[PDB]
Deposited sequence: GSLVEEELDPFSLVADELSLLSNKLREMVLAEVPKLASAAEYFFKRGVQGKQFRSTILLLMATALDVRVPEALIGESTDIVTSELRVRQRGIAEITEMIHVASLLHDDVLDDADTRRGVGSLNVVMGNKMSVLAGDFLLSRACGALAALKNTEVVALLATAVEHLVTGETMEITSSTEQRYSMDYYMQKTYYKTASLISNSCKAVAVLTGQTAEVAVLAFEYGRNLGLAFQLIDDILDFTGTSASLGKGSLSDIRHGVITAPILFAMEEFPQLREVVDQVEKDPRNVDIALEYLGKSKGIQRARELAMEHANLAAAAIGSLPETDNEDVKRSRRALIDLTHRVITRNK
């Protein structure tokens, strides 16, 4: 029915198991939902038992641990204790991972963490010319936002003993849905729920974070580049930038790019081995509908 309500039970379990948080001290859930939901649906969308359901859920918890650990480090509660918390988290994720008794999966999330660093480094170590390139943008975007979801999707495949070919398909779904999700985010930051340019929260542009819509606008307005570079010397530069954006096809181009990607995801699901399991079919349908929802969301 609804991609989420289809796996709402397996999600409740993870909300509960998050009660590991019961250590005495003497003296926004949409994010978690999206990633775990993908991983759970993906799990029931490959034909292979409650002992696997648990291993497969584990990947979901590991993914959220690695993720949170990513947020903390990004901040740098006080810098050093942010760093600690994050490392604590990474350690446990590495523990839980060894607990799944699979070396290939361990290798996959290791690589996920590596890409995440690579992407953060590209954000931090880019030349202006890199900062204004769509190619570099999409690359960094892959590493920073999509690698975690893709590699996780592969790990749910590998841990279910799927073909090496079906495994690149899980990956593909995750990579493309991931990119699409990020491109739609970039858009909503400008348009908000209101679907109106300017009524968005505008936190990216306000902080010198150049994204897809502006990058495409730069293609048709070379004047934009210098304006955006002073987007912190005077708020009015943000105003000016938005006017150029509104005269361009940037929001539009970014949305058509997101759609192309959500399609490649849907396509990957459509390339999966045929199956007669009415429950596998239903999962697969949920994965496809998810691609449509990433595109139409206003939040």
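- Unmodelled segments of the deposited chain, in sequence order: 1-7, 35-46, 68-81, 110-125.
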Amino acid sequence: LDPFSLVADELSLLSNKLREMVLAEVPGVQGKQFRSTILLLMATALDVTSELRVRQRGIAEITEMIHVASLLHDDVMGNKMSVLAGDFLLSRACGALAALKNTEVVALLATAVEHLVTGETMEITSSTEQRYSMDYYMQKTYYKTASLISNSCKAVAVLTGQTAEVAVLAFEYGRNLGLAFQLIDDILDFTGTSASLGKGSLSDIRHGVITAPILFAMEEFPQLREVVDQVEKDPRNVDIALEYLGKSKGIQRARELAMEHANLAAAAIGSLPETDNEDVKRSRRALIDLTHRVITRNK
From here on, numbers count along this sequence of modelled residues.
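- When 9-17 is weighed against 284-292, 9-17 comes out higher, by mean CA B-factor as recorded in the entry.
- Taking the mean C-alpha B-factor of each stretch as recorded, 198-206 and 119-127 are not equal, and the higher mean is that of 119-127.
- The residue among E219, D185, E172, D75 whose C-alpha atom has the highest B-factor in the PDB entry is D75.
- When the C-alpha B-factors of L264, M65, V29, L245 are read from the PDB record, the largest value belongs to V29.
- In the PDB entry, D87 places in the middle third of its chain by CA B-factor.
- Annotation for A254: CA B-factor lies in the lowest third of the chain's modelled residues.
- When the CA B factors of the chain's modelled residues are split into thirds, the value for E61 lands in the middle one.
- Placement of the Cα temperature factor of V105 within the chain: middle third of the modelled residues, per the deposited record.
- For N79, the recorded CA B-factor ranks within the highest third of the chain. Only modelled residues enter the ranking.
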